[PDB]
Amino acid sequence: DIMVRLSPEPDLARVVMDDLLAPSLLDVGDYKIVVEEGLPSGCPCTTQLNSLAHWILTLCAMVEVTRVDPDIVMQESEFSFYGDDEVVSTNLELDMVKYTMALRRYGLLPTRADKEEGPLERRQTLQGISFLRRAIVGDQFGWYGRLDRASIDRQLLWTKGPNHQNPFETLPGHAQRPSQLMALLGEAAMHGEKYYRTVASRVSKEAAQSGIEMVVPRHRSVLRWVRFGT
Amino acid sequence: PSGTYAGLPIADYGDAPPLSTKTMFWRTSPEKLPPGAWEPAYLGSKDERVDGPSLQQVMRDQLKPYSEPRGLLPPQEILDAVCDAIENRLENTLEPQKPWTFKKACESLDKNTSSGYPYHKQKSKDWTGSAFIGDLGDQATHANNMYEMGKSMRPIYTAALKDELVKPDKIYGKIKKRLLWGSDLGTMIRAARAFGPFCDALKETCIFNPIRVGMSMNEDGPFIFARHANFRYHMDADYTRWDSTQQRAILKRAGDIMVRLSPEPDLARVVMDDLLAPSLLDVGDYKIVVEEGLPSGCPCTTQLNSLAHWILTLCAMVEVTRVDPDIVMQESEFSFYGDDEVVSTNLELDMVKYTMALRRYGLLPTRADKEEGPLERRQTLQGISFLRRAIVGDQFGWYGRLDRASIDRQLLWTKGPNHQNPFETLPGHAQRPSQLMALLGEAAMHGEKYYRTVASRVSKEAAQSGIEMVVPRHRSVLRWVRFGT
Amino acid sequence: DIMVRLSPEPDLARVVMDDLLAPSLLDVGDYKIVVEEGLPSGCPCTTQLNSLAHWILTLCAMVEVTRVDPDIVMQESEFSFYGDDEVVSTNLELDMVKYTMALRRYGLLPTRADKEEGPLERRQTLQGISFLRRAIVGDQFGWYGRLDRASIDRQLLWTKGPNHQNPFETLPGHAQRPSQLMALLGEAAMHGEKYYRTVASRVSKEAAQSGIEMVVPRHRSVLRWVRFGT
């Protein structure tokens with residue numbers, strides 16, 4: 001409803017929007033089945049429309065529970081959505097027992113992060129919450145998102161290439177991993193000297209057998225590049 | 001199916017469309033061609049200059065020597081000695097490249113020319129000034145994956161007959177017509193990726209290294225030939241049926257070097273190992289198997305071929321002279337472009353033993369530019385030729401000048417659309433501004449008198465003509481060709 | 001006479017040239033004076049006109065001595081000229097006594113390039129002559145002009161700067177070092193390994209405590225940039 005009304009062509013956008021939401025047709029090999037429900041996640045718009053719903057579902061719960069009108073909640077809160085991924089920040093004194101119910105009651109399925117169990121927890125720090133799969137971290141210089149070391153490590157163990165049947169198969173030098181390789185250093189240097197140095201272990205070797213060779217940067221040197229850019 | 005086509009095994013059915021019964025050449029005057037004048041090659045059963053064998057048959061004729069017993073390998077002790085020397089020299093000269101992208105490889109290809117197996121579409125039919133879509137697109141994609149993955153593909157070469165001007169005999173005597181191998185786009189881009197960096201390296205050291213592929217006769221000529229002149233003895237060595245007489249064993253030796261100087265060697269090994277594996281050739285009705293000789297389709301091959309050449313020659317010299325190939329190669333300047341060679345050297349070379357060596361390898365030199373041998377060598381660099389140009393010893397330096405008789409032709413014939421009868425006149429041509437110029441400058445270097453008779457012909461060839469152009473003065477244009485830019 | 005003939009405004013050149021050659025006025029401070037002879041050497045074209053005379057003078061003797069038509073000698077000879085700077089190569093059998101005598105008669109003062117004495121010797125080897133204070137050298141790859149040891153030694157020991165009265169003074173961290181300092185790196189490669197190491201360091205020494213850091217490429221890696229390219 002919202003996106004159509006907000007589009008330069010409401011008359012036309014409506015016909016298209018009705019089409020998406022109409023009980024959907026999903027080709028699953030042997031058949032095309034009718035999917036009446038959930039989200040039809042094909043199209044371009046989709047992920048925006050998806051987040052838009054998430055906005056609508058979070059707000060409803062907050063208003064249902066706190067009983068403050070939705071403009072005041074929203075002037076008292078900072079929201080972050082991306083499809084299903086979400087941070088919800090508010091000064092309002094929200095009942096977490098009462099909240100989770102409303103959510104579940106709408107048929108949603110919230111879990112206590114990857115810590116298991118509730119009611120959902122609230123905290124008075126932002127540290128620890130994450131978003132787009134990076135850790136939300138704050139220091140003397142401001143806030144930033146930091147892809148965690150476990151997550152960094154895998155990227156060292158796997159590289160993308162053409163479709164094949166055995167995952168343990170190794171490529172050649174693969175002469176197009178300098179872009180990706182650089183980021184890894186950046187990501188690492190935000191975990192202090194100890195770590196970055198042992199990521200300086202691997203990013204070194206896997207640079208020998210590759211298309212070109214450059215020298216590995218200094219920590220403080222790359223951390224700056226990483227934090228304030230560019 | 002099975003199992004013998006012109007001396008060679010059958011492996012499968014062919015998919016090659018039929019041979020061109022047509023020429024691209026067209027006459028410039030209706031005037032009756034001079035006596036003994038070159039003409040486009042024979043065009044089969046519909047050709048009207050003669051009734052002769054099928055093109056099918058002509059091609060069988062061309063395939064005879066691929067089945068011939070191969071010649072012998074150079075002595076093992078001399079073979080490695082050289083090969084290790086050649087690579088070290090490249091290593092001391094070649095600027096290391098950065099790997100060729102699909103993007104780059106897809107760009108390199110001569111877009112005006114058949115796709116090969118299996119669509120057989122001219123490449124332009126499917127390109128976007130950008131990348132291959134549709135048919136070739138898919139073909140181009142698949143091969144690229146097989147590259148990065150270091151997995152293998154079987155080249156499928158298509159066979160053709162070169163449309164060119166030939167000595168009239170080769171129409172009215174024993175009909176001959178030269179064989180070409182069309183590569184398939186898969187092998188094409190694949191080899192382009194694998195071996196493009198190397199060829200580029202070669203390009204940008206073609207004056208310092210004997211492999212002159214990519215050179216400019218005009219810009220680079222005066223200094224390549226200047227290096228040659230720095231040596232006492234010079235020799236034509238003129239080879240018959242180079243590509244057919246080749247030994248894969250040596251093609252593998254040049255393959256090894258090439259692969260050794262490639263950015264992604266492991267990826268390159270495969271491509272080579274394929275290129276060199278017994279070649280499948282698509283000759284119309286049947287695909288057959290060519291185990292020996294040089295498979296000529298893809299990029300690379302010409303540098304590959306010269307590189308082999310380099311080896312063979314360097315072998316004979318070490319074989320005969322008894323000298324370490326480093327010294328030979330430092331008492332000598334070479335020039336190879338495919339089979340076209342010129343060898344300049346300070347070492348007294350026993351011409352009898354030397355020729356013998358080459359023949360023993362299963363090569364076929366004829367006599368320099370006369371009849372019968374022992375091969376011979378001169379004290380002077382004039383008289384030798386290369387890339388169809390006579391090397392000239394001028395006060396302003398050395399150069400390449402296209403011979404009189406070669407000019408007469410380029411004035412007698414013009415390239416156009418494909419037609420049935422070479423003798424028709426191309427109704428009021430347009431495209432000559434560049435080509436006319438060059439031949440006017442070619443004739444420039446043959447003196448003031450020759451230039452006049454040319455100028456006039458140029459002009460009535462500028463009669464019914466697209467651009468009403470000036471004949472510049474001789475002095476002026478002679479300045480223009482020699483010195484540049 | 002030649003320069004004018006072969007210039008697009010001959011009429012007007014005739015003047016400037018007739019001007020440029022007329023008994024010349026030279027301000028030495030106390031007085032301007034008249035110099036009627038020798039080269040008047042301030043003008044853009046100056047060095048070409050002077051080269052042009054060197055040619056004329058070289059041929060004049062050569063032709064006198066061999067007694068062959070000057071254009072013939074020019075097709076049995078190759079010449080390089082740069083003001084007073086020459087290399088004369090030839091297939092003509094040339095009498096070194098009479099040649100020396102012929103020039104010293106034109107009033108020239110040649111000498112034996114490396115042993116300071118005439119008649120001028122003539123060797124069978126292009127190696128050991130210099131041109132533009134680089135020495136002619138030939139290896140298995142071809143010929144090249146190389147700058148010698150002492151000159152490259154001198155180029156490290158000193159550097160340009162603004163005007164000053166005492167030359168042992170040292171300015172701060174000279175920033176226009178790199179673009180040159182690299183070339184020095186180049187020109188020493190051509191003396192091979194041992195020496196190149198000797199320079200490789202002296203280069204490190206400075207450039208670090210100057211602009212940024214220097215990459216000191218491997219000896220064989222410069223040789224290729226230096227000899228071949230690019």
# chains A, B, ... in the order shown; residues from 1 in each chain; ligands from 1
call {"tool": "calpha_fit_rmsd", "arguments": {"fixed": "chain C", "moving": "chain A"}}
result
0.7 Å
call {"tool": "closest_atom_pairs", "arguments": {"of": "chain B", "to": "chain C", "cutoff": "8 Å", "atoms": "only C-alpha atoms", "output": "tab-separated table"}}
result
residue	atom	partner	partner_atom	distance
B:92	CA	C:224	CA	7.2
B:93	CA	C:224	CA	6.1
B:94	CA	C:224	CA	7.4
B:95	CA	C:224	CA	6.8
B:204	CA	C:229	CA	7.5
B:205	CA	C:228	CA	7.3
B:208	CA	C:141	CA	6.3
B:227	CA	C:142	CA	7.9
B:329	CA	C:140	CA	7.7
B:330	CA	C:140	CA	5.0
B:394	CA	C:75	CA	7.6
B:395	CA	C:75	CA	4.6
B:396	CA	C:75	CA	7.8
call {"tool": "residues_around", "arguments": {"residues": "stretch 38-45 of chain C", "least_positions_apart": "5", "cutoff": "10 Å", "atoms": "only C-alpha atoms", "output": "list in words"}}
result
residues 3, 20, 21, 22, 23, 24, 25, 26 and 50 of chain C
call {"tool": "write_last_selection", "arguments": {"atoms": "N, CA, C and O atoms", "output": "PDB file, in the first residue's frame"}}
result
ATOM      1  N   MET C   3      71.001  25.840 -42.646  1.00  0.00           N
ATOM      2  CA  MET C   3      69.860  26.141 -41.760  1.00  0.00           C
ATOM      3  C   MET C   3      68.827  27.087 -42.369  1.00  0.00           C
ATOM      4  O   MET C   3      67.632  26.828 -42.288  1.00  0.00           O
ATOM      5  N   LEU C  20      73.069  36.903 -36.000  1.00  0.00           N
ATOM      6  CA  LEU C  20      73.757  35.943 -35.122  1.00  0.00           C
ATOM      7  C   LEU C  20      75.234  35.701 -35.368  1.00  0.00           C
ATOM      8  O   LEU C  20      75.960  35.361 -34.428  1.00  0.00           O
ATOM      9  N   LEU C  21      75.670  35.831 -36.622  1.00  0.00           N
ATOM     10  CA  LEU C  21      77.082  35.622 -36.995  1.00  0.00           C
ATOM     11  C   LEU C  21      77.974  36.883 -37.077  1.00  0.00           C
ATOM     12  O   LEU C  21      79.193  36.777 -37.154  1.00  0.00           O
ATOM     13  N   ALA C  22      77.369  38.064 -37.081  1.00  0.00           N
ATOM     14  CA  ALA C  22      78.115  39.303 -37.255  1.00  0.00           C
ATOM     15  C   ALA C  22      78.875  39.582 -35.975  1.00  0.00           C
ATOM     16  O   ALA C  22      78.347  39.320 -34.893  1.00  0.00           O
ATOM     17  N   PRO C  23      80.119  40.093 -36.091  1.00  0.00           N
ATOM     18  CA  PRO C  23      81.015  40.351 -34.953  1.00  0.00           C
ATOM     19  C   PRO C  23      80.246  40.623 -33.652  1.00  0.00           C
ATOM     20  O   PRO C  23      79.560  41.647 -33.527  1.00  0.00           O
ATOM     21  N   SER C  24      80.359  39.691 -32.707  1.00  0.00           N
ATOM     22  CA  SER C  24      79.438  39.621 -31.575  1.00  0.00           C
ATOM     23  C   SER C  24      79.841  40.415 -30.335  1.00  0.00           C
ATOM     24  O   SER C  24      81.015  40.422 -29.924  1.00  0.00           O
ATOM     25  N   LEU C  25      78.828  41.039 -29.733  1.00  0.00           N
ATOM     26  CA  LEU C  25      78.978  41.904 -28.576  1.00  0.00           C
ATOM     27  C   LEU C  25      78.767  41.144 -27.272  1.00  0.00           C
ATOM     28  O   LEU C  25      77.699  40.563 -27.032  1.00  0.00           O
ATOM     29  N   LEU C  26      79.788  41.161 -26.423  1.00  0.00           N
ATOM     30  CA  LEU C  26      79.778  40.363 -25.201  1.00  0.00           C
ATOM     31  C   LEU C  26      80.063  41.202 -23.966  1.00  0.00           C
ATOM     32  O   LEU C  26      81.187  41.682 -23.759  1.00  0.00           O
ATOM     33  N   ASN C  50      76.160  24.371 -34.285  1.00  0.00           N
ATOM     34  CA  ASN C  50      77.519  24.028 -33.915  1.00  0.00           C
ATOM     35  C   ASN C  50      77.806  22.586 -34.319  1.00  0.00           C
ATOM     36  O   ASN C  50      78.931  22.256 -34.711  1.00  0.00           O
TER      37      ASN C  50
END
call {"tool": "residues_around", "arguments": {"residues": "stretch 79-90 of chain A", "least_positions_apart": "2", "cutoff": "8 Å", "atoms": "only C-alpha atoms", "output": "list in words"}}
result
residues 47, 48, 50, 51, 54, 55, 73, 76, 77, 92, 129, 130, 131 and 132 of chain A
call {"tool": "write_last_selection", "arguments": {"atoms": "C-alpha atoms", "output": "PDB file, in the first residue's frame"}}
result
ATOM      1  CA  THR A  47      13.841  -6.684  -0.035  1.00  0.00           C
ATOM      2  CA  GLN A  48      12.600  -3.077   0.539  1.00  0.00           C
ATOM      3  CA  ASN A  50      10.192  -6.940   3.089  1.00  0.00           C
ATOM      4  CA  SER A  51      11.901  -4.502   5.493  1.00  0.00           C
ATOM      5  CA  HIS A  54       9.384  -5.593   9.389  1.00  0.00           C
ATOM      6  CA  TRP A  55       9.069  -1.871  10.254  1.00  0.00           C
ATOM      7  CA  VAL A  73       7.682   5.726  19.709  1.00  0.00           C
ATOM      8  CA  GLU A  76      11.848   8.050  20.880  1.00  0.00           C
ATOM      9  CA  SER A  77      13.602   5.213  18.968  1.00  0.00           C
ATOM     10  CA  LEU A  92      10.921   3.779  26.148  1.00  0.00           C
ATOM     11  CA  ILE A 129      24.468  -6.588  19.157  1.00  0.00           C
ATOM     12  CA  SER A 130      25.431  -7.126  15.481  1.00  0.00           C
ATOM     13  CA  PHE A 131      23.978  -6.208  12.080  1.00  0.00           C
ATOM     14  CA  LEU A 132      24.646  -7.174   8.430  1.00  0.00           C
TER      15      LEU A 132
END
call {"tool": "residues_around", "arguments": {"residues": "residue B:453", "least_positions_apart": "6", "cutoff": "12 Å", "atoms": "only C-alpha atoms", "output": "list in words"}}
result
residues 404, 407, 408, 411, 440, 443, 444, 446, 447, 459, 460 and 474 of chain B
call {"tool": "select_by_dssp", "arguments": {"residues": "stretch 219-433 of chain B", "states": "strand (DSSP E)", "output": "JSON, numbers by chain"}}
result
{"B": [233, 234, 235, 279, 280, 281, 282, 286, 287, 288, 289, 290, 332, 333, 334, 335, 336, 337, 340, 341, 342, 343, 344, 345, 385, 386, 389, 390, 391, 392, 399, 400, 401, 413, 414, 415, 416, 417, 418, 419]}
call {"tool": "write_last_selection", "arguments": {"atoms": "N, CA, C and O atoms", "output": "compact mmCIF listing (two decimals), in the first residue's frame"}}
result
# COMPACT_ATOMS: atom_id res chain seq x y z
N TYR B 233 78.26 -13.39 -42.16
CA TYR B 233 77.60 -14.35 -43.07
C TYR B 233 76.09 -14.37 -42.86
O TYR B 233 75.62 -14.31 -41.72
N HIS B 234 75.34 -14.47 -43.97
CA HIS B 234 73.87 -14.43 -43.93
C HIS B 234 73.21 -15.48 -44.84
O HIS B 234 73.73 -15.80 -45.91
N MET B 235 72.05 -16.00 -44.43
CA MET B 235 71.45 -17.13 -45.17
C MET B 235 69.91 -17.29 -45.21
O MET B 235 69.24 -17.20 -44.18
N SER B 279 45.82 -34.02 -32.67
CA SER B 279 44.83 -33.06 -33.10
C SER B 279 43.70 -33.68 -33.90
O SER B 279 43.94 -34.40 -34.85
N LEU B 280 42.47 -33.37 -33.49
CA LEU B 280 41.26 -33.78 -34.19
C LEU B 280 40.96 -32.72 -35.25
O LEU B 280 40.80 -31.54 -34.93
N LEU B 281 40.88 -33.12 -36.51
CA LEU B 281 40.61 -32.17 -37.61
C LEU B 281 39.30 -32.50 -38.36
O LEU B 281 39.10 -33.66 -38.77
N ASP B 282 38.46 -31.48 -38.54
CA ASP B 282 37.13 -31.58 -39.17
C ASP B 282 37.15 -31.27 -40.66
O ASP B 282 37.10 -30.10 -41.07
N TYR B 286 34.04 -36.18 -42.45
CA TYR B 286 34.64 -36.89 -41.31
C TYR B 286 35.61 -36.02 -40.50
O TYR B 286 36.35 -35.20 -41.04
N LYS B 287 35.65 -36.25 -39.20
CA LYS B 287 36.74 -35.75 -38.39
C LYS B 287 37.85 -36.81 -38.33
O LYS B 287 37.57 -38.00 -38.13
N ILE B 288 39.09 -36.40 -38.54
CA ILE B 288 40.22 -37.34 -38.56
C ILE B 288 41.22 -36.94 -37.49
O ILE B 288 40.98 -35.96 -36.77
N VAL B 289 42.31 -37.69 -37.36
CA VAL B 289 43.24 -37.51 -36.25
C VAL B 289 44.65 -37.22 -36.76
O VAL B 289 45.26 -38.01 -37.46
N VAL B 290 45.15 -36.05 -36.40
CA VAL B 290 46.46 -35.65 -36.82
C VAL B 290 47.35 -35.67 -35.62
O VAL B 290 47.28 -34.79 -34.76
N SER B 332 75.72 -14.40 -33.27
CA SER B 332 74.62 -14.54 -34.23
C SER B 332 73.37 -13.73 -33.88
O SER B 332 73.07 -13.46 -32.70
N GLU B 333 72.66 -13.34 -34.95
CA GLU B 333 71.36 -12.67 -34.89
C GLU B 333 70.39 -13.43 -35.76
O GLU B 333 70.66 -13.70 -36.93
N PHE B 334 69.25 -13.79 -35.15
CA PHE B 334 68.23 -14.58 -35.81
C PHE B 334 67.01 -13.75 -36.02
O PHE B 334 66.80 -12.77 -35.33
N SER B 335 66.21 -14.17 -37.00
CA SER B 335 64.89 -13.62 -37.22
C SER B 335 63.96 -14.74 -37.65
O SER B 335 64.13 -15.34 -38.73
N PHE B 336 63.01 -15.05 -36.77
CA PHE B 336 61.96 -16.01 -37.09
C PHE B 336 60.59 -15.38 -37.01
O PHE B 336 60.26 -14.68 -36.05
N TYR B 337 59.82 -15.62 -38.07
CA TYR B 337 58.40 -15.38 -38.09
C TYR B 337 57.79 -16.62 -38.73
O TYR B 337 57.81 -16.75 -39.96
N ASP B 340 59.30 -18.33 -41.80
CA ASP B 340 60.12 -17.33 -42.43
C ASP B 340 61.25 -17.00 -41.50
O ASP B 340 61.02 -16.58 -40.36
N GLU B 341 62.46 -17.23 -42.00
CA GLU B 341 63.69 -17.09 -41.21
C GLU B 341 64.71 -16.24 -41.94
O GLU B 341 64.56 -15.96 -43.14
N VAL B 342 65.73 -15.82 -41.20
CA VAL B 342 66.95 -15.25 -41.74
C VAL B 342 67.99 -15.44 -40.65
O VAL B 342 67.79 -15.01 -39.51
N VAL B 343 69.09 -16.09 -40.99
CA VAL B 343 70.12 -16.37 -40.01
C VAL B 343 71.44 -15.66 -40.33
O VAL B 343 72.08 -15.92 -41.36
N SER B 344 71.83 -14.75 -39.46
CA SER B 344 73.09 -14.05 -39.62
C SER B 344 74.04 -14.52 -38.55
O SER B 344 73.64 -14.67 -37.39
N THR B 345 75.29 -14.76 -38.93
CA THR B 345 76.24 -15.35 -38.01
C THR B 345 77.67 -15.04 -38.42
O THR B 345 77.96 -14.83 -39.59
N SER B 385 65.76 -11.93 -47.92
CA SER B 385 64.45 -11.32 -47.76
C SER B 385 63.82 -11.83 -46.48
O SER B 385 64.39 -12.70 -45.82
N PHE B 386 62.65 -11.29 -46.13
CA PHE B 386 61.92 -11.67 -44.91
C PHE B 386 60.62 -10.93 -44.94
O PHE B 386 60.56 -9.79 -45.39
N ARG B 389 59.76 -9.15 -48.18
CA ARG B 389 60.37 -7.86 -48.46
C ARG B 389 61.85 -8.08 -48.67
O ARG B 389 62.47 -8.88 -47.98
N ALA B 390 62.43 -7.37 -49.63
CA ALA B 390 63.84 -7.51 -49.92
C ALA B 390 64.62 -6.54 -49.04
O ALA B 390 64.34 -5.34 -49.04
N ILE B 391 65.59 -7.06 -48.29
CA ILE B 391 66.34 -6.26 -47.35
C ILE B 391 67.31 -5.38 -48.12
O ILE B 391 68.06 -5.89 -48.95
N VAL B 392 67.26 -4.06 -47.87
CA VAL B 392 68.00 -3.07 -48.70
C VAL B 392 69.01 -2.18 -47.94
O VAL B 392 68.71 -1.64 -46.88
N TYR B 399 66.37 -1.50 -44.85
CA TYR B 399 64.89 -1.55 -44.90
C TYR B 399 64.22 -2.72 -45.60
O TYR B 399 64.87 -3.58 -46.19
N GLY B 400 62.91 -2.74 -45.53
CA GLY B 400 62.15 -3.69 -46.28
C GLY B 400 61.48 -3.00 -47.43
O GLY B 400 60.67 -2.09 -47.21
N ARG B 401 61.82 -3.44 -48.65
CA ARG B 401 61.14 -3.00 -49.87
C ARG B 401 60.46 -4.14 -50.64
O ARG B 401 61.11 -5.07 -51.13
N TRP B 413 45.03 -6.63 -58.81
CA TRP B 413 43.95 -7.27 -58.07
C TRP B 413 43.50 -6.44 -56.88
O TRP B 413 44.29 -5.72 -56.26
N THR B 414 42.21 -6.55 -56.57
CA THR B 414 41.63 -5.91 -55.40
C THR B 414 40.74 -6.88 -54.63
O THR B 414 40.00 -7.67 -55.22
N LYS B 415 40.83 -6.82 -53.31
CA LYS B 415 39.99 -7.62 -52.45
C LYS B 415 38.57 -7.05 -52.39
O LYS B 415 38.38 -5.85 -52.24
N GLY B 416 37.57 -7.91 -52.53
CA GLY B 416 36.19 -7.46 -52.44
C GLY B 416 35.29 -8.48 -51.77
O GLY B 416 35.74 -9.21 -50.87
N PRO B 417 34.01 -8.51 -52.17
CA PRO B 417 33.09 -9.56 -51.73
C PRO B 417 33.38 -10.88 -52.43
O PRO B 417 34.04 -10.89 -53.46
N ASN B 418 32.89 -11.98 -51.88
CA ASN B 418 33.19 -13.28 -52.46
C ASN B 418 32.39 -13.59 -53.72
O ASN B 418 31.16 -13.53 -53.72
N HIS B 419 33.10 -13.91 -54.80
CA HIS B 419 32.46 -14.18 -56.09
C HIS B 419 33.04 -15.36 -56.85
O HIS B 419 34.07 -15.93 -56.46
call {"tool": "closest_residue", "arguments": {"among": "C:118, C:215, C:185, C:222", "to": "chain A", "atoms": "only C-alpha atoms"}}
result
C:215
call {"tool": "select_by_dssp", "arguments": {"residues": "stretch 208-402 of chain B", "states": "alpha helix (DSSP H)", "output": "ChimeraX atom specification"}}
result
/B:221-228,242-245,248-260,265-276,301-321,325-330,351-360
call {"tool": "residues_around", "arguments": {"residues": "stretch 156-173 of chain B", "least_positions_apart": "6", "cutoff": "6 Å", "atoms": "only C-alpha atoms", "output": "list in words"}}
result
residues 38, 39, 40, 41, 42, 179, 180, 181, 182, 183, 280, 281, 282 and 283 of chain B
call {"tool": "residues_around", "arguments": {"residues": "residue B:83", "least_positions_apart": "2", "cutoff": "9 Å", "atoms": "only C-alpha atoms", "output": "PDB file with N, CA and C atoms, in the first residue's frame"}}
result
ATOM      1  N   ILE B  78      72.320 -32.219 -27.093  1.00  0.00           N
ATOM      2  CA  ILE B  78      72.221 -30.900 -27.743  1.00  0.00           C
ATOM      3  C   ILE B  78      70.850 -30.254 -27.555  1.00  0.00           C
ATOM      4  N   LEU B  79      69.793 -31.064 -27.559  1.00  0.00           N
ATOM      5  CA  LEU B  79      68.412 -30.582 -27.383  1.00  0.00           C
ATOM      6  C   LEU B  79      68.204 -29.769 -26.098  1.00  0.00           C
ATOM      7  N   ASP B  80      68.589 -30.336 -24.961  1.00  0.00           N
ATOM      8  CA  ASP B  80      68.402 -29.659 -23.676  1.00  0.00           C
ATOM      9  C   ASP B  80      69.329 -28.471 -23.535  1.00  0.00           C
ATOM     10  N   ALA B  81      70.575 -28.664 -23.949  1.00  0.00           N
ATOM     11  CA  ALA B  81      71.553 -27.599 -23.967  1.00  0.00           C
ATOM     12  C   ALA B  81      70.931 -26.341 -24.573  1.00  0.00           C
ATOM     13  N   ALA B  85      69.058 -22.889 -22.739  1.00  0.00           N
ATOM     14  CA  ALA B  85      69.652 -21.622 -23.150  1.00  0.00           C
ATOM     15  C   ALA B  85      68.593 -20.631 -23.656  1.00  0.00           C
ATOM     16  N   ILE B  86      67.714 -21.070 -24.561  1.00  0.00           N
ATOM     17  CA  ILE B  86      66.660 -20.175 -25.081  1.00  0.00           C
ATOM     18  C   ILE B  86      65.791 -19.588 -23.953  1.00  0.00           C
ATOM     19  N   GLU B  87      65.338 -20.450 -23.043  1.00  0.00           N
ATOM     20  CA  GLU B  87      64.517 -19.989 -21.939  1.00  0.00           C
ATOM     21  C   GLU B  87      65.264 -18.970 -21.079  1.00  0.00           C
ATOM     22  N   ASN B  88      66.559 -19.192 -20.836  1.00  0.00           N
ATOM     23  CA  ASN B  88      67.285 -18.295 -19.943  1.00  0.00           C
ATOM     24  C   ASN B  88      67.400 -16.906 -20.534  1.00  0.00           C
ATOM     25  N   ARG B 253      58.586 -29.021 -26.782  1.00  0.00           N
ATOM     26  CA  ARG B 253      59.720 -28.364 -26.147  1.00  0.00           C
ATOM     27  C   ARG B 253      59.498 -26.845 -26.104  1.00  0.00           C
ATOM     28  N   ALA B 254      59.007 -26.299 -27.207  1.00  0.00           N
ATOM     29  CA  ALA B 254      58.635 -24.908 -27.249  1.00  0.00           C
ATOM     30  C   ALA B 254      57.403 -24.690 -26.370  1.00  0.00           C
ATOM     31  N   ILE B 257      58.599 -24.180 -22.720  1.00  0.00           N
ATOM     32  CA  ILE B 257      59.187 -22.875 -22.466  1.00  0.00           C
ATOM     33  C   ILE B 257      58.058 -21.862 -22.241  1.00  0.00           C
ATOM     34  N   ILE B 311      64.553 -23.326 -32.101  1.00  0.00           N
ATOM     35  CA  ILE B 311      65.197 -24.480 -31.489  1.00  0.00           C
ATOM     36  C   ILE B 311      65.939 -25.294 -32.543  1.00  0.00           C
TER      37      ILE B 311
END
call {"tool": "atom_distance", "arguments": {"atom1": "atom CA of residue B:139", "atom2": "atom CA of residue B:266"}}
result
22.5 Å
call {"tool": "closest_residue", "arguments": {"among": "A:162, A:146, A:36, A:106", "to": "residue B:148", "atoms": "only C-alpha atoms"}}
result
A:162
call {"tool": "decode", "arguments": {"residues": "stretch 296-326 of chain B", "atoms": "C-alpha atoms", "output": "mmCIF file, in the first residue's frame"}}
result
data_model
loop_
_atom_site.group_PDB
_atom_site.id
_atom_site.type_symbol
_atom_site.label_atom_id
_atom_site.label_comp_id
_atom_site.auth_asym_id
_atom_site.auth_seq_id
_atom_site.Cartn_x
_atom_site.Cartn_y
_atom_site.Cartn_z
ATOM 1 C CA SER B 296 47.865 -24.167 -36.531
ATOM 2 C CA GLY B 297 44.408 -22.859 -35.529
ATOM 3 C CA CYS B 298 44.660 -20.896 -32.295
ATOM 4 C CA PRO B 299 46.542 -17.662 -31.229
ATOM 5 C CA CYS B 300 49.870 -18.668 -29.840
ATOM 6 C CA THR B 301 50.702 -21.048 -32.694
ATOM 7 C CA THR B 302 52.701 -18.643 -34.723
ATOM 8 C CA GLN B 303 54.938 -17.814 -31.732
ATOM 9 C CA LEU B 304 54.867 -21.463 -30.798
ATOM 10 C CA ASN B 305 55.999 -22.234 -34.362
ATOM 11 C CA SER B 306 58.721 -19.654 -34.436
ATOM 12 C CA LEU B 307 59.848 -20.873 -31.065
ATOM 13 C CA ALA B 308 60.188 -24.389 -32.426
ATOM 14 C CA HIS B 309 62.016 -22.890 -35.456
ATOM 15 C CA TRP B 310 64.401 -21.111 -33.074
ATOM 16 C CA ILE B 311 65.197 -24.480 -31.489
ATOM 17 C CA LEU B 312 65.714 -26.495 -34.686
ATOM 18 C CA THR B 313 68.096 -23.916 -36.158
ATOM 19 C CA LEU B 314 70.025 -23.427 -32.938
ATOM 20 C CA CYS B 315 70.406 -27.207 -32.855
ATOM 21 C CA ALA B 316 72.031 -27.591 -36.271
ATOM 22 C CA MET B 317 74.503 -24.869 -35.438
ATOM 23 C CA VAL B 318 75.613 -26.375 -32.127
ATOM 24 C CA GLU B 319 75.519 -29.841 -33.824
ATOM 25 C CA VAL B 320 77.894 -28.659 -36.584
ATOM 26 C CA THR B 321 79.998 -25.865 -34.899
ATOM 27 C CA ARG B 322 80.631 -27.861 -31.725
ATOM 28 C CA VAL B 323 80.066 -24.597 -29.791
ATOM 29 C CA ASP B 324 78.040 -23.883 -26.637
ATOM 30 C CA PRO B 325 74.683 -22.412 -27.750
ATOM 31 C CA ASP B 326 75.270 -19.257 -25.660
#
